[PDB]
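Enquirer: Supplied in structure tokens, the structure appears directly below.
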Amino acid sequence: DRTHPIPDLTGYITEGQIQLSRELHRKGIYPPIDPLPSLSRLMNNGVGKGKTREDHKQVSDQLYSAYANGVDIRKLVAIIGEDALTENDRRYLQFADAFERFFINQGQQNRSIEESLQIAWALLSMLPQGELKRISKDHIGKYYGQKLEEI
Amino acid sequence: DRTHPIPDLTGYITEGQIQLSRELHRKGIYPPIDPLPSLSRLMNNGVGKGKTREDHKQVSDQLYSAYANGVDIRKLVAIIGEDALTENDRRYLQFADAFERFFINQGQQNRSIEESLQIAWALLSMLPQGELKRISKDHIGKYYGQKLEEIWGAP
Amino acid sequence: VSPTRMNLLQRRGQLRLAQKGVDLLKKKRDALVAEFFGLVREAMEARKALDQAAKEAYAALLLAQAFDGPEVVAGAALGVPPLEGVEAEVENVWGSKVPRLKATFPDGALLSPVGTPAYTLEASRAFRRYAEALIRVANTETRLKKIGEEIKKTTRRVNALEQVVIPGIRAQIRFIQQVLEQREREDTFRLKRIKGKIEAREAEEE
Amino acid sequence: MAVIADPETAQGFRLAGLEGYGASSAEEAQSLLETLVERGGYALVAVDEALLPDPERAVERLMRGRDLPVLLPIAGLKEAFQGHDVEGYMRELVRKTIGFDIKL
Amino acid sequence: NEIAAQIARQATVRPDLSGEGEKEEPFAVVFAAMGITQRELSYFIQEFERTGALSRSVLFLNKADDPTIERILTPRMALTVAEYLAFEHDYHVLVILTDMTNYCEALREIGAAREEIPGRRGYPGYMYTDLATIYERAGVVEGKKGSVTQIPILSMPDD
Amino acid sequence: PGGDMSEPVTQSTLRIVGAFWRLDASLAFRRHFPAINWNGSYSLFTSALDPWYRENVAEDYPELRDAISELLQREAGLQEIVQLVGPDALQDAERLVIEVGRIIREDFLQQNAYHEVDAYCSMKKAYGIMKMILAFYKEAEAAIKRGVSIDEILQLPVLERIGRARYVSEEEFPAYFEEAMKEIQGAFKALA
Amino acid sequence: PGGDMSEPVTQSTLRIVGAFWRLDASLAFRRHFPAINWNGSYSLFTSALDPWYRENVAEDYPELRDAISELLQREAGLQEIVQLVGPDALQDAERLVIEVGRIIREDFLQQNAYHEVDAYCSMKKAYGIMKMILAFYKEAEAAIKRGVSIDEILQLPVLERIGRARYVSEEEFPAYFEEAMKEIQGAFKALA
Amino acid sequence: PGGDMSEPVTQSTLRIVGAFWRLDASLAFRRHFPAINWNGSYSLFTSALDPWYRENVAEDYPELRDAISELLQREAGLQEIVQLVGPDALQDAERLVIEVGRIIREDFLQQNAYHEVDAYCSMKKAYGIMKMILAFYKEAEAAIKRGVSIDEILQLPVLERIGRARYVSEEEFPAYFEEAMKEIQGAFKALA
């Protein structure tokens with residue numbers, strides 16, 4: 001219960017939270033961190049030009065907005081058949097599942113920030129341009145190069 | 001409500017229950033005892049040979065399963081219709097009707113255990129042999145085939 | 001919904017109704033699926049019969065225009081009238097109406113009962129069987145598609161129930177339960193507090 | 001009735017009281033069958049699978065409100081020799097109508 | 001508040017339909033505000049002076065920055081004046097009590113300061129009798145012409 | 001308070017009274033009076049009164065009352081199917097029961113208190129109304145057994161007589177009843 | 001406490017304030033900021049301010065505002081439908097409503113608080129953006145009426161123009177707005 | 001009180017115990033004993049207990065256990081279609097995984113407490129049975145990929161043999177296991 005007094009009152013004092021999901025644990029994922037209900041308030045002071053790579057904040061934003069659509073498309077696929085789709089709903093289901101299976105489920109290994117961003121761009125590349133309307137046009141011309149065939 | 005404290009603690013302490021139902025009551029059935037949510041927790045130890053007849057337990061189990069099936073089929077026929085059901089399903093339907101009209105609705109009579117088993121077997125015989133999957137073959141050969149006679153020509 | 005005891009019991013009634021309706025819909029779907037798999041076999045059989053009956057008309061039309069006259073067939077086709085007696089019968093299958101072809105299609109009532117060419121005669125008898133088998137395939141496949149539509153409709157309904165209504169009712173129920181427990185706890189704290197207060201005051205006056 | 005096939009068989013269907021035609025192009029077929037159905041004086045049609053496999057992606061947009069003229073695919077001149085694969089069509093129909101690959 | 005002001009502006013009896021009586025003298029509005037805010041009070045006063053009904057209206061204002069325990073007296077004073085006017089000078093009075101929720105707040109406060117046994121949600125146990133001593137001061141009397149008509153306004157807390 | 005049937009006073013009363021008449025807010029909102037919730041009410045005197053009824057009202061009154069109660073219970077059973085599949089999906093053998101439920105609920109139970117002739121109602125009047133309602137039901141069921149569609153049954157002009165029944169005065173009522181009975185018989189034997 | 005609006009402080013505040021800006025967690029879980037639930041909020045001041053808008057923003061500003069609000073209300077209504085049947089089970093009008101609703105709430109209601117430009121937005125800017133969105137809606141509606149499908153509507157190039165309108169600075173927004181009206185007109189006029 | 005795991009005592013218990021063996025009634029209804037549901041249950045001692053297994057049982061025991069667990073997961077993640085259509089209409093690999101799930105939950109998990117040999121089992125017996133089942137599943141998968149049908153494979157004479165390993169004594173198990181693995185390899189060359 002996220003509304004029980006303990007996590008509730010703790011939520012008003014801290015600067016964010018990392019919430020764990022029981023579904024990802026059932027699926028075998030580890031560390032089962034589901035990114036929607038999680039938050040980090042102080043993130044913007046620590047990332048950006050001259051602190052991490054330049055594309056950090058916008059990559060995060062676009063990744064978040066893309067994964068959020070996959071969850072709800074995958075939700076309605078569970079009511080009506082998986083037949084009702086377009087070219088792009090296939091894209092979003094595929095992105096959501098590849099996300100849960102490669103970005104989150106990292107195992108016990110220690111990834112730097114650079115290879116983390118590399119995986120993130122490889123996961124965004126399996127969407128066309130134009131849908132990535134959260135990032136600007138320049139560093140997508142810069143970083144759209146690698147695709148996920150690197151595992 | 002079966003979550004009110006009184007029936008809740010009584011369920012903690014006792015060994016089962018006999019649930020009366022409003023539906024059987026309003027349909028003119030007495031005593032309106034509802035077999036599906038009722039349960040006796042120490043029944044297995046007091047039935048069988050040396051205590052009652054040796055077919056008691058399996059007969060009760062078969063009656064229970066057949067009644068549940070018939071009830072659900074009665075709910076389904078309202079949307080599908082009796083012409084679109086298999087033959088065994090129509091049998092189950094007619095069995096459930098005769099069950100709640102002869103077995104349950106007994107009135108103010110005093111039935112012994114042998115007469116109760118008679119009526120039970122007469123009802124089970126409405127179904128086809130071979131659908132009776134909880135009873136063993138010997139009991140079938142020994143009691144199956146009896147027809148409703150004492151229940152309509154005799155009180 | 002206002003949180004009370006009456007509302008709570010009503011929500012529990014609703015949840016029980018929903019589950020006992022889910023299983024009923026599942027059983028209806030099972031019967032539909034039986035009908036569907038019974039139909040598909042005869043449908044592919046009628047399609048095979050059509051396939052084989054196509055070879056007869058094909059054989060008749062190949063050597064007719066080739067071995068016999070190439071233009072006599074065109075003349076006879078322009079001669080024989082077309083069909084406008086193709087009225088279609090209405091049919092209901094599981095509470096919905098589908099068409100059923102009942103084309104009149106006479107046999108001897110049309111032009112040239114026994115006529116001049118040798119292959120144009122027997123060929124005209126072959127497209128008879130061609131059309132008949134074709135309309136049989138039509139009548140079976142239309143009902144097949146209808147039953148499939150009803151099956152996917154029932155599936156959609158079942159999933160809608162089991163993943164939208166039941167969780168919503170469970171959440172409502174637990175919220176109401178929390179409210180009621182909270183109020184009971186508040187009132188008992190208040191009672192204990194007043195009891196102790198008056199007892200302290202009375203021990204003061206003894 | 002009607003059939004959009006090779007005109008070489010369409011004349012046989014003419015012999016069979018059923019007008020037919022075609023020009024071996026999907027585009028003209030799906031264009032003038034619009035008129036054909038707006039001139040919907042017939043109970044059914046037939047079309048070779050080659051000109052278009054599924055006549056619905058052609059006519060469903062106009063077959064709203066009406067259901068009497070039914071559309072179904074038929075084999076063509078090429079398949080008449082080699083034959084048809086009934087199972088391919090039946091399986092590709094059942095897969096969509098029930099949502100799974102079945103009967104293996 | 002808009003509905004109440006509209007009713008007050010438009011209300012009238014129809015004696016051509018009953019046939020009896022032909023006087024059609026207007027109502028005299030008694031208006032009691034308990035815990036009213038400046039916004040709603042401004043709206044009410046401007047509406048009343050627009051329709052020209054201040055010359056025959058009595059007002060008992062208890063704003064939200066006024067003391068709370070005063071609200072125990074406002075309804076009783078308003079209804080005393082209303083009863084007097086009606087059953088002594090044959091007026092037809094229309095009483096508008098602008099918020100009873102605030103009255104119940106003040107009641108609960110003074111009751112819990114005194115440490116009684118509280119009722120359903122802390123509200124005192126005598127709230128029914130207390131509200132009845134206010135509402136039941138209305139109606140028409142045998143052998144007199146006046147009348148007292150009440151339109152309480154309350155705000156269901158969570159709808 | 002709050003219309004809560006789980007307060008302590010209503011519970012204390014439930015275990016003392018012999019009859020219990022339950023009002024419901026839904027039928028009350030709809031202006032449908034007496035607004036007695038049939039599902040939750042009951043009476044414990046219905047057995048000890050049967051002699052008085054058989055001697056003072058009509059020899060077969062208990063059986064008619066029991067038939068009506070069984071019909072209402074069956075209709076309440078079908079409501080749980082209607083609520084999830086819709087009323088137009090039932091077999092006509094079931095739409096008949098739902099429609100007879102509607103007819104009973106709005107032509108027998110519902111009663112006008114301000115009408116100078118439906119305010120009070122005798123007991124032989126109620127006997128007659130029940131008798132002809134269930135007579136029509138039995139006939140229309142026999143009809144559906146013969147492939148009669150359900151919709152044309154719901155258009156027979158005798159339903160207006162059955163609806164106007166409860167506005168007939170107590171001394172006019174016997175003629176109205178003896179006419180409506182033969183009319184209901186004819187509404188089916190004549191179509192043949 | 002639980003985000004529950006029935007708690008005493010909230011219920012006591014709602015009786016004295018003039019506006020009630022309700023936040024929502026669901027809008028913040030998908031990174032839609034400022035995450036205000038436009039269905040549950042209200043404002044009692046909006047009427048006294050119209051004589052100010054008519055002189056200081058535009059004479060027809062209230063009409064724009066009311067039309068935008070009505071569009072949001074309609075899409076909120078019919079999305080409950082689309083939840084169970086998907087967007088293909090509803091006609092082209094509802095599809096257009098849904099797409100314009102997405103456009104409204106992703107190009108007008110959202111506001112990046114950390115962007116060097118988007119963080120602050122004037123009134124003329126908001127008027128211009130509402131005007132663009134409504135112009136496109138009317139044009140696309142006439143078009144879908146006269147026989148263009150939805151896909152060429154969604155593949156238009158002017159949508160990228162409307163989408164980036166909030167990132168254009170204040171002092172150069174008027175020229176962008178004039179050009180954008182030009183293009184909204186010309187992408188449909190050259191589209192017959 | 002009635003099986004709700006959310007009550008305070010169960011919630012307080014689940015915060016300190018390391019394993020939660022979930023007995024179930026439905027399993028006992030279909031004569032599956034001991035009625036432990038392998039879906040709700042869980043344990044937290046495995047990760048710490050791996051080395052004792054790697055030393056005292058075998059060097060690949062954790063891998064075999066992971067394989068059996070994933071196989072059961074696949075089998076259970078497929079119950080919707082097999083309830084919709086039935087087993088005998090499935091594909092090849094799906095029918096294979098269904099039958100292997102059955103072989104598992106009928107020859108490995110199930111145990112007869114009244115039998116005079118199966119009542120107890122060593123660890124090496126369990127390891128041997130798991131290795132047998134994994135070998136058979138590998139061979140069956142390769143054969144079905146090769147072109148054999150399932151109906152031959154379900155009639156192989158070694159199914160009754162692998163289904164009989166529950167009832168062999170602890171002394172006569174090792175040689176039994178060796179020859180059974182030999183035969184499992186053997187029937188494969190017939191499949192190729």
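Chain labels run A, B, ... following the order of the structure tokens; each chain numbers its residues from 1, and ligands are numbered from 1 in the order shown.
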Determine which residues of chain C sit within 8 Å of chain D, taking into account only C-alpha atoms, and present them as an MDAnalysis selection string.
Expert: chainID C and resid 44 47:48 51 54:55 58 61 73:74 76:78 80:84 86:88 99 101 124 127:128 131 138 145 148:149 151:152
Enquirer: Could you please take those selected residues and save N, CA, C and O atoms as a tab-separated table (two decimals), in the first residue's frame?
Expert:
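As written to disk, out-v6.tsv reads:
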chain	number	residue	atom	x	y	z
C	44	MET	N	-13.87	-26.75	-44.67
C	44	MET	CA	-12.75	-27.12	-45.52
C	44	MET	C	-13.10	-28.30	-46.42
C	44	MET	O	-12.60	-28.39	-47.54
C	47	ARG	N	-14.89	-26.84	-49.28
C	47	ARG	CA	-13.92	-26.17	-50.13
C	47	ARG	C	-13.15	-27.17	-50.99
C	47	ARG	O	-12.86	-26.90	-52.16
C	48	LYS	N	-12.84	-28.34	-50.44
C	48	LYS	CA	-12.19	-29.38	-51.24
C	48	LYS	C	-13.12	-29.89	-52.34
C	48	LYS	O	-12.68	-30.15	-53.47
C	51	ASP	N	-13.01	-27.45	-55.00
C	51	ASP	CA	-11.77	-27.55	-55.74
C	51	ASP	C	-11.85	-28.66	-56.77
C	51	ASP	O	-11.47	-28.46	-57.94
C	54	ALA	N	-14.07	-27.91	-59.67
C	54	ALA	CA	-13.52	-26.93	-60.60
C	54	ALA	C	-12.83	-27.60	-61.78
C	54	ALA	O	-12.83	-27.05	-62.89
C	55	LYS	N	-12.24	-28.78	-61.56
C	55	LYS	CA	-11.51	-29.44	-62.63
C	55	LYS	C	-12.44	-29.89	-63.75
C	55	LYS	O	-12.07	-29.87	-64.92
C	58	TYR	N	-13.32	-26.85	-65.75
C	58	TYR	CA	-12.10	-26.41	-66.41
C	58	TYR	C	-11.81	-27.28	-67.63
C	58	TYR	O	-11.53	-26.77	-68.72
C	61	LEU	N	-14.29	-26.48	-70.44
C	61	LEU	CA	-14.12	-25.22	-71.16
C	61	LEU	C	-12.82	-25.18	-71.95
C	61	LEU	O	-12.70	-24.41	-72.91
C	73	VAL	N	-19.22	-20.70	-78.60
C	73	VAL	CA	-19.38	-20.54	-77.16
C	73	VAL	C	-19.76	-19.11	-76.82
C	73	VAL	O	-20.65	-18.87	-75.99
C	74	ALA	N	-19.11	-18.13	-77.45
C	74	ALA	CA	-19.47	-16.74	-77.22
C	74	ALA	C	-20.90	-16.46	-77.67
C	74	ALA	O	-21.67	-15.78	-76.97
C	76	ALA	N	-23.38	-18.62	-77.79
C	76	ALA	CA	-24.32	-19.26	-76.88
C	76	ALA	C	-24.38	-18.53	-75.54
C	76	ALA	O	-25.45	-18.40	-74.94
C	77	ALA	N	-23.23	-18.03	-75.06
C	77	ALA	CA	-23.21	-17.26	-73.83
C	77	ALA	C	-24.05	-16.00	-73.97
C	77	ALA	O	-24.86	-15.68	-73.09
C	78	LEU	N	-23.88	-15.26	-75.07
C	78	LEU	CA	-24.77	-14.14	-75.32
C	78	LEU	C	-26.21	-14.59	-75.50
C	78	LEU	O	-27.14	-13.82	-75.22
C	80	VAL	N	-27.91	-17.43	-73.94
C	80	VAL	CA	-28.56	-17.85	-72.69
C	80	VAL	C	-28.73	-16.64	-71.78
C	80	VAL	O	-27.81	-15.80	-71.68
C	81	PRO	N	-29.87	-16.49	-71.10
C	81	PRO	CA	-30.07	-15.32	-70.24
C	81	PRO	C	-29.30	-15.46	-68.94
C	81	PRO	O	-28.96	-16.58	-68.52
C	82	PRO	N	-29.01	-14.35	-68.27
C	82	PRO	CA	-28.39	-14.42	-66.94
C	82	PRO	C	-29.43	-14.70	-65.85
C	82	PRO	O	-30.62	-14.88	-66.12
C	83	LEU	N	-28.95	-14.75	-64.61
C	83	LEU	CA	-29.77	-15.09	-63.46
C	83	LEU	C	-30.08	-13.85	-62.64
C	83	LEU	O	-29.17	-13.13	-62.23
C	84	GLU	N	-31.37	-13.60	-62.41
C	84	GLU	CA	-31.80	-12.63	-61.41
C	84	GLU	C	-32.63	-13.26	-60.30
C	84	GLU	O	-32.98	-12.55	-59.35
C	86	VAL	N	-31.86	-14.84	-57.57
C	86	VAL	CA	-30.79	-15.20	-56.65
C	86	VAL	C	-31.16	-14.72	-55.24
C	86	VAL	O	-30.30	-14.29	-54.47
C	87	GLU	N	-32.45	-14.78	-54.91
C	87	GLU	CA	-32.91	-14.33	-53.60
C	87	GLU	C	-32.22	-15.09	-52.47
C	87	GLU	O	-31.89	-16.28	-52.61
C	88	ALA	N	-32.01	-14.41	-51.35
C	88	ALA	CA	-31.22	-14.91	-50.24
C	88	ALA	C	-32.06	-14.96	-48.98
C	88	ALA	O	-32.74	-13.99	-48.63
C	99	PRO	N	-27.20	-13.91	-43.85
C	99	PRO	CA	-27.88	-14.30	-45.09
C	99	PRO	C	-27.66	-15.76	-45.40
C	99	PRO	O	-26.69	-16.38	-44.96
C	101	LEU	N	-27.99	-18.12	-48.98
C	101	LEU	CA	-28.26	-18.07	-50.40
C	101	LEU	C	-29.25	-19.16	-50.80
C	101	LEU	O	-29.06	-20.34	-50.47
C	124	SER	N	-21.83	-26.43	-70.51
C	124	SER	CA	-22.91	-25.71	-69.84
C	124	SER	C	-23.46	-26.48	-68.65
C	124	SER	O	-24.00	-25.86	-67.73
C	127	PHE	N	-20.64	-25.80	-65.53
C	127	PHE	CA	-20.72	-24.59	-64.73
C	127	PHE	C	-21.95	-24.60	-63.83
C	127	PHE	O	-21.97	-23.87	-62.83
C	128	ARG	N	-22.94	-25.44	-64.12
C	128	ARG	CA	-24.00	-25.70	-63.15
C	128	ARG	C	-23.41	-26.16	-61.82
C	128	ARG	O	-23.61	-25.53	-60.78
C	131	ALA	N	-21.25	-23.48	-60.05
C	131	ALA	CA	-21.98	-22.48	-59.28
C	131	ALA	C	-22.59	-23.09	-58.03
C	131	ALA	O	-22.62	-22.44	-56.97
C	138	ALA	N	-20.01	-20.61	-50.07
C	138	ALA	CA	-20.43	-19.31	-49.54
C	138	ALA	C	-21.26	-19.47	-48.28
C	138	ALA	O	-21.00	-18.81	-47.26
C	145	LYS	N	-17.61	-17.32	-40.34
C	145	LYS	CA	-17.13	-16.01	-39.93
C	145	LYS	C	-18.02	-15.39	-38.87
C	145	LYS	O	-17.52	-14.73	-37.95
C	148	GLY	N	-17.14	-16.95	-35.55
C	148	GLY	CA	-15.88	-16.41	-35.09
C	148	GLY	C	-16.04	-15.03	-34.48
C	148	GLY	O	-15.42	-14.70	-33.47
C	149	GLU	N	-16.87	-14.20	-35.10
C	149	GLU	CA	-17.12	-12.87	-34.57
C	149	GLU	C	-17.73	-12.95	-33.18
C	149	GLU	O	-17.33	-12.22	-32.26
C	151	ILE	N	-17.44	-15.34	-31.03
C	151	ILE	CA	-16.45	-15.84	-30.08
C	151	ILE	C	-15.53	-14.72	-29.63
C	151	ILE	O	-15.28	-14.55	-28.43
C	152	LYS	N	-15.01	-13.94	-30.57
C	152	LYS	CA	-14.11	-12.87	-30.16
C	152	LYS	C	-14.85	-11.80	-29.37
C	152	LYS	O	-14.27	-11.17	-28.48
Enquirer: Using only C-alpha atoms, which residues sit within 12 Å of residue 70 in chain G once same-chain residues fewer than 4 positions away are excluded, as a PDB file with C-alpha atoms, in the first residue's frame?
Expert:
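As a result, part15.pdb now contains:
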ATOM      1  CA  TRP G  38      -8.495  19.534 -15.128  1.00  0.00           C
ATOM      2  CA  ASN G  39     -11.576  17.436 -14.405  1.00  0.00           C
ATOM      3  CA  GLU G  63     -15.148  31.990 -26.780  1.00  0.00           C
ATOM      4  CA  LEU G  64     -11.777  30.378 -27.461  1.00  0.00           C
ATOM      5  CA  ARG G  65     -11.502  29.346 -23.822  1.00  0.00           C
ATOM      6  CA  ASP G  66     -14.985  27.841 -23.685  1.00  0.00           C
ATOM      7  CA  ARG G  74     -15.864  15.614 -24.747  1.00  0.00           C
ATOM      8  CA  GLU G  75     -12.611  13.682 -25.040  1.00  0.00           C
ATOM      9  CA  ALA G  76     -12.718  12.898 -21.331  1.00  0.00           C
ATOM     10  CA  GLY G  77     -16.223  11.572 -21.868  1.00  0.00           C
ATOM     11  CA  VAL G  97     -11.736  14.457 -31.124  1.00  0.00           C
ATOM     12  CA  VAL G 100      -7.144  16.953 -30.963  1.00  0.00           C
ATOM     13  CA  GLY G 101      -7.397  16.135 -27.266  1.00  0.00           C
ATOM     14  CA  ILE G 104      -4.258  19.995 -26.593  1.00  0.00           C
ATOM     15  CA  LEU G 134      -9.067  25.456 -32.951  1.00  0.00           C
TER      16      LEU G 134
END
Enquirer: Pairing the C-alpha atoms in order and superposing chain G on chain H, what is the resulting RMSD?
Expert: 1.0 Å
Enquirer: Need to verify the contact set: range 71-83 of chain E, 10 Å, only C-alpha atoms, exclusion of same-chain residues closer than 5 positions in sequence. Can you return it as an MDAnalysis selection string?
Expert: chainID E and resid 28:35 58:63 66 88:89 91:98 100 102:107 110 133:135 137:139 146:150
Enquirer: I'd like a table as CSV: residues in chain E with an atom no more than 12 Å from chain C, each row giving the shortest atom pair and its distance in Å to one decimal, only C-alpha atoms counted, sorted by chain and rising residue number.
Expert:
residue,atom,partner,partner_atom,distance
E:112,CA,C:194,CA,10.9
E:114,CA,C:194,CA,11.1
E:115,CA,C:194,CA,7.4
E:116,CA,C:194,CA,8.2
E:117,CA,C:191,CA,7.8
E:118,CA,C:190,CA,8.6
E:119,CA,C:187,CA,9.1
E:120,CA,C:187,CA,8.6
E:121,CA,C:183,CA,7.9
E:122,CA,C:187,CA,8.1
E:123,CA,C:187,CA,11.5
E:156,CA,C:2,CA,11.7
E:157,CA,C:2,CA,11.3
E:158,CA,C:2,CA,8.7
E:159,CA,C:2,CA,8.9
Enquirer: Could you please take those selected residues and save N, CA, C and O atoms as an mmCIF file, in the first residue's frame?
Expert:
data_model
loop_
_atom_site.group_PDB
_atom_site.id
_atom_site.type_symbol
_atom_site.label_atom_id
_atom_site.label_comp_id
_atom_site.auth_asym_id
_atom_site.auth_seq_id
_atom_site.Cartn_x
_atom_site.Cartn_y
_atom_site.Cartn_z
ATOM 1 N N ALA E 112 -17.806 20.089 22.591
ATOM 2 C CA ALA E 112 -16.606 19.325 22.903
ATOM 3 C C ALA E 112 -15.710 20.060 23.880
ATOM 4 O O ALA E 112 -14.895 19.429 24.559
ATOM 5 N N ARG E 114 -16.847 21.248 26.445
ATOM 6 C CA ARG E 114 -17.539 20.945 27.679
ATOM 7 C C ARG E 114 -17.484 19.463 28.030
ATOM 8 O O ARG E 114 -17.958 19.070 29.097
ATOM 9 N N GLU E 115 -16.892 18.640 27.165
ATOM 10 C CA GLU E 115 -16.641 17.225 27.443
ATOM 11 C C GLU E 115 -17.930 16.463 27.727
ATOM 12 O O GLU E 115 -18.167 15.977 28.830
ATOM 13 N N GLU E 116 -18.770 16.368 26.711
ATOM 14 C CA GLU E 116 -19.924 15.502 26.774
ATOM 15 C C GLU E 116 -19.593 14.149 26.165
ATOM 16 O O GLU E 116 -18.444 13.832 25.866
ATOM 17 N N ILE E 117 -20.634 13.352 25.975
ATOM 18 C CA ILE E 117 -20.568 12.167 25.132
ATOM 19 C C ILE E 117 -20.941 12.606 23.724
ATOM 20 O O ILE E 117 -22.052 13.107 23.511
ATOM 21 N N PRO E 118 -20.057 12.470 22.751
ATOM 22 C CA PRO E 118 -20.364 12.912 21.391
ATOM 23 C C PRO E 118 -21.164 11.880 20.608
ATOM 24 O O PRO E 118 -21.293 10.722 20.999
ATOM 25 N N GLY E 119 -21.702 12.334 19.484
ATOM 26 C CA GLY E 119 -22.558 11.517 18.648
ATOM 27 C C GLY E 119 -21.834 10.849 17.502
ATOM 28 O O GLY E 119 -20.820 10.187 17.722
ATOM 29 N N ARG E 120 -22.323 11.020 16.273
ATOM 30 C CA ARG E 120 -21.825 10.172 15.198
ATOM 31 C C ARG E 120 -20.371 10.472 14.864
ATOM 32 O O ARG E 120 -19.518 9.589 14.984
ATOM 33 N N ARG E 121 -20.056 11.691 14.449
ATOM 34 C CA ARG E 121 -18.689 12.046 14.074
ATOM 35 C C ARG E 121 -18.166 13.160 14.959
ATOM 36 O O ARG E 121 -17.584 14.140 14.498
ATOM 37 N N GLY E 122 -18.372 13.023 16.255
ATOM 38 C CA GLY E 122 -18.003 14.052 17.185
ATOM 39 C C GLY E 122 -19.077 15.069 17.456
ATOM 40 O O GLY E 122 -19.045 15.706 18.510
ATOM 41 N N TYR E 123 -20.026 15.241 16.547
ATOM 42 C CA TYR E 123 -21.108 16.176 16.772
ATOM 43 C C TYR E 123 -21.884 15.772 18.017
ATOM 44 O O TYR E 123 -21.984 14.588 18.332
ATOM 45 N N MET E 156 -23.254 19.833 1.835
ATOM 46 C CA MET E 156 -22.902 18.460 2.158
ATOM 47 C C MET E 156 -21.394 18.310 2.074
ATOM 48 O O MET E 156 -20.812 18.640 1.036
ATOM 49 N N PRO E 157 -20.725 17.852 3.121
ATOM 50 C CA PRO E 157 -19.270 18.005 3.179
ATOM 51 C C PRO E 157 -18.523 17.385 2.016
ATOM 52 O O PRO E 157 -17.914 18.118 1.235
ATOM 53 N N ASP E 158 -18.561 16.073 1.855
ATOM 54 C CA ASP E 158 -17.976 15.480 0.654
ATOM 55 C C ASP E 158 -19.032 15.137 -0.383
ATOM 56 O O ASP E 158 -19.034 14.031 -0.911
ATOM 57 N N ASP E 159 -19.914 16.075 -0.725
ATOM 58 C CA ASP E 159 -21.088 15.765 -1.541
ATOM 59 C C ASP E 159 -21.816 14.541 -1.000
ATOM 60 O O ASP E 159 -22.418 13.775 -1.749
#
Enquirer: Determine, for each residue of chain E having at least one atom at most 9 Å from an atom of chain G, the closest pair of atoms and their separation in Å to one decimal, counting only C-alpha atoms; order by chain and ascending number, as CSV.
Expert:
residue,atom,partner,partner_atom,distance
E:36,CA,G:16,CA,8.7
E:37,CA,G:16,CA,6.9
E:39,CA,G:18,CA,8.6
E:64,CA,G:16,CA,8.9
E:155,CA,G:15,CA,8.5
E:157,CA,G:11,CA,6.7
E:158,CA,G:6,CA,6.2
Enquirer: At a cut-off of 9 Å, which residues of chain B touch chain H? Count only C-alpha atoms and give the answer as a VMD selection string.
Expert: chain B and resid 3 8 to 9 11 to 12
Enquirer: Using only C-alpha atoms, what table do you get, as JSON lines, when you list each residue of chain C with an atom no more than 8 Å from chain F, its nearest pair of atoms, and their distance in Å rounded to one decimal, rows by chain then rising number?
Expert:
{"residue": "C:4", "atom": "CA", "partner": "F:4", "partner_atom": "CA", "distance": 7.7}
{"residue": "C:5", "atom": "CA", "partner": "F:6", "partner_atom": "CA", "distance": 6.9}
{"residue": "C:6", "atom": "CA", "partner": "F:4", "partner_atom": "CA", "distance": 5.9}
{"residue": "C:17", "atom": "CA", "partner": "F:80", "partner_atom": "CA", "distance": 7.2}
{"residue": "C:21", "atom": "CA", "partner": "F:84", "partner_atom": "CA", "distance": 7.2}
{"residue": "C:95", "atom": "CA", "partner": "F:89", "partner_atom": "CA", "distance": 7.3}
